[PDB]
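Beneath this line is the structure, given in structure tokens, with notes to follow.
Virtual Cβ from ideal backbone geometry, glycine too; neighbours counted across all protein chains shown. Only the coordinates and a few stated rules stand behind these numbers; no lab work does.
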């Protein structure tokens with residue numbers, strides 16, 4: 001039930017109609033092998049950063 | 001002894017008084033959760049204080 005009068009309704013809504021994806025141009029895979037499959041690993045006290 | 005006036009003057013004075021203020025409305029789904037659909041559902045699974 002609604003009585004006679006004027007009522008304030010939600011603001012005008014618009015629904016999306018498209019999709020946009022923008023990423024940088026990269027063509028190389030990250031070096032998992034060199035990091036994980038390294039021949040020698042350092043001591044914790046002399047840890048290395050790359 | 002008693003003092004009585006013998007002349008008169010006409011003065012015009014002004015009084016300023018407020019009557020009404022600005023009328024406003026709030027879209028709570030707009031202010032809270034923006035256009036996000038997940039936040040709207042969370043608002044729903046919260047409560048209707050709007």
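May I ask you to list the residues in the range A:7-46 that are away from chain B (no Cβ under 14 Å) and either surrounded by 10 or more Cβ atoms within 10 Å (Cβ to Cβ) or under 25 Å from residue B:30 (Cα atoms) (or both)?
So in the range A:7-46, the residues away from chain B (no Cβ under 14 Å) come out as A:18-46.
Residues satisfying the conditions are A:18, A:19, A:20, A:31, A:38.
What about residue B:16, is it under 30 Å from residue A:6 (Cα atoms) and either part of a loop (DSSP other than H, G, I, E, B) or out of contact with any helix residue (DSSP H, G or I) (no Cβ under 6 Å at 6 or more places or on another chain) (or both)?
Details: under 30 Å from residue A:6 (Cα atoms): no; either part of a loop (DSSP other than H, G, I, E, B) or out of contact with any helix residue (DSSP H, G or I) (no Cβ under 6 Å at 6 or more places or on another chain) (or both): yes.
Considered against the rule, which asks whether it is under 30 Å from residue A:6 (Cα atoms) and either part of a loop (DSSP other than H, G, I, E, B) or out of contact with any helix residue (DSSP H, G or I) (no Cβ under 6 Å at 6 or more places or on another chain) (or both), residue B:16 comes out as no.
Residue-by-condition table, conditions (1) under 30 Å from residue B:50 (Cβ atoms); (2) part of a loop (DSSP other than H, G, I, E, B):
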{"position": "A:5", "(1), (2)": "yes, yes"}
{"position": "A:8", "(1), (2)": "yes, yes"}
{"position": "A:15", "(1), (2)": "yes, yes"}
{"position": "A:20", "(1), (2)": "no, yes"}
{"position": "A:23", "(1), (2)": "no, yes"}
{"position": "A:35", "(1), (2)": "no, no"}
{"position": "A:38", "(1), (2)": "no, yes"}
{"position": "A:47", "(1), (2)": "no, yes"}
{"position": "A:50", "(1), (2)": "no, yes"}
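Would you confirm, using the coordinates I've provided, whether residue B:49 is in contact with a helix residue (DSSP H, G or I) (Cβ under 9 Å, 6 or more places away or on another chain) and either surrounded by fewer than 10 Cβ atoms within 10 Å (Cβ to Cβ) or more than 27 Å from residue A:7 (Cα to Cα) (or both)? It is true that residue B:49 is in contact with a helix residue (DSSP H, G or I) (Cβ under 9 Å, 6 or more places away or on another chain) and either surrounded by fewer than 10 Cβ atoms within 10 Å (Cβ to Cβ) or more than 27 Å from residue A:7 (Cα to Cα) (or both).
Here residue B:30 fulfils each of the conditions (1) within 14 Å of another protein chain (Cβ to nearest Cβ); (2) within 28 Å of the chain's Cα centre (by Cα); (3) part of a loop (DSSP other than H, G, I, E, B) apart from (3).
Output the residues belonging to the range B:1-27 that are within 14 Å of chain A (Cβ to nearest Cβ) and either farther than 20 Å from residue A:16 by Cβ or loosely packed, with under 10 Cβ neighbours inside 10 Å (or both). I'd like the intermediate steps shown before the answer.
Initially, the range B:1-27 is screened for residues within 14 Å of chain A (Cβ to nearest Cβ), giving B:23-27.
Answer for the range B:1-27, where residues must be within 14 Å of chain A (Cβ to nearest Cβ) and either farther than 20 Å from residue A:16 by Cβ or loosely packed, with under 10 Cβ neighbours inside 10 Å (or both): B:23, B:24, B:25, B:26.
If you filter the range B:33-43 down to residues that are loosely packed, with under 11 Cβ neighbours inside 10 Å and under 20 Å from residue A:9 (Cα atoms), you find that the one that is farthest from the other protein chains (Cβ to nearest Cβ) is B:34.
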